[PDB]
């Protein structure tokens, strides 16, 4: 069912006016349209925003909207960028939301930043490799994002290239999207217990998800860092050891557990003999030391990755080299 009449003007809860354009993909399958500020002109293919629209009873859009309202207000992001001395922060900006009735059905909508391409497309176009430079630069910026969200009570649980989108105007800035199944692991400073949460059904994306998720417990901070670890290997090598067995979750879990216990064997498996990037192993060893409720030392993880950039004769110059 069509949610909008194209070119209609929708008014958010803050009474800000927006105009709806044509559909656009942002790496997922939701109902997403181009959007801009209300003006006399039509919404173009270069629109700076999108509007996401779902039935009011859709659980994921409610979860996502609450994340964006709590953690992604423009001024809150800019304050963090200033105080932490960052170039940018890859958390999409929240511009407004509301309720829209059409044909007796109730819809929720949310206005957010419009982005360019997802990284999965670019990865596939590059024969399923990213360079060591690229992986390290992506990962440093993902660590900034994870630190931010974690400090705002949320974990993502589903970091992967299809959820990483480039700034529409700047292809050296990567953003993490899709908070529909994000989890508030620390509401009002109280950490969730080491157990399943009946409110949560999602287990992540099987090839990348954490051992915690495989064990049926709610995601926490160490899980997000573990997920990033698996992504880095996938990106560097084109493969993960368990990728032919993704229909068998117990096999995937068993493999991940074994390779966490023996990280040298993972490096031997995934990289040419005696030629493994040392920062990846050090990253995984550091994450391995985290307990379920423990606050990561993000600056230590970043330093590990910076040692990698030094080792290849480079520096953190913010260049993704895509």
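Take the two forms, superpose them, and find the largest set of C-alpha atoms that agree within 1.5 Å; that set is the rigid core. Residue numbers count along the first chain shown, from 1.
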Between 37 to 45 and 50 to 58, pick out the one whose C-alpha positions differ more from the shown form in 6 other deposited structures of this protein, using the rigid core for superposition.
37 to 45
Determine, among the other compared PDB entries that model residues flanking residue 26, whether at least a third leave it unmodelled.
yes
Please establish whether a third or more of the other compared PDB entries omit coordinates for residue 264.
no
Can you tell me which stretch has the higher mean Cα B-factor, 186 to 194 or 159 to 167?
186 to 194
What stretch has the higher average Cα B-factor here, 124 to 132 or 70 to 78?
124 to 132
Residue selected from 93, 108, 102, 150 by maximal Cα B factor:
102
Could you check 250, 84, 221, 239 and tell me which one carries the biggest Cα B-factor in the deposited entry?
84
Lowest, middle or highest third: where is residue 29 by Cα B-factor in its chain?
highest
Taking the values exactly as deposited, rank residue 311 by C-alpha B-factor within its chain and report the matching third: lowest, middle or highest.
highest
If you rank the chain by CA B-factor, which third does residue 41 end up in: lowest, middle or highest?
highest
Entry-reported Cα temperature factor of residue 114, expressed as the chain third it lands in
middle
Among the modelled residues of its chain, the C-alpha B-factor of residue 57 falls in the third labelled highest
